[PDB]
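Single-structure report; data block below.
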Amino acid sequence: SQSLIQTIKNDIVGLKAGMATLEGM
Amino acid sequence: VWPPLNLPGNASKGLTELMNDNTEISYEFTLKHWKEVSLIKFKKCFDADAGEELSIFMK
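Structure below.
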């Protein structure tokens, strides 16, 4: 099961990237 | 050198091709991504300087 740690890590960093894109304005 | 002080966002491929200082960056490589880089700060300058080329504002 322990792969979920890196899964959620990369996903949440991608989410912060999307948040930056939102800052784009 | 191409020294960007950013890209914490998405790409570990960016991590490799940056930390190795890949002298080439493919266009097809780029097309498969969004938001490649934004050197956005308020700190200092890069690869440029101002107050020269006396031709312009003398004309």
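For the protein sequence lines, the chains are B and A, in the order given. Residue numbering for the first sequence follows the authors' numbering, beginning at 246 and increasing consecutively. Residue numbering for the second sequence follows the authors' numbering, beginning at 417 and increasing consecutively. Ideal Cβ placement from N, Cα and C applies to all residues, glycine included.
Pairwise C-alpha distance: residue j and residue i
i	j	result
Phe-445(A)	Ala-427(A)	12 Å
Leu-421(A)	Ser-248(B)	30 Å
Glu-433(A)	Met-474(A)	44 Å
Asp-256(B)	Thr-266(B)	15 Å
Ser-246(B)	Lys-460(A)	46 Å
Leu-470(A)	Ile-250(B)	59 Å
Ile-253(B)	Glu-440(A)	32 Å
Contact check, residue i vs residue j, beta carbons under 8 Å
i	j	result
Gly-425(A)	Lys-451(A)	yes
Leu-431(A)	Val-453(A)	no
Given residue i as reference, the closest of the options once Cα atoms are compared
i	options	result
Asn-436(A)	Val-417(A), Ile-472(A) and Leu-447(A)	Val-417(A)
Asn-438(A)	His-449(A), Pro-419(A) and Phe-462(A)	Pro-419(A)
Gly-259(B)	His-449(A), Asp-465(A), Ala-464(A) and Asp-463(A)	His-449(A)
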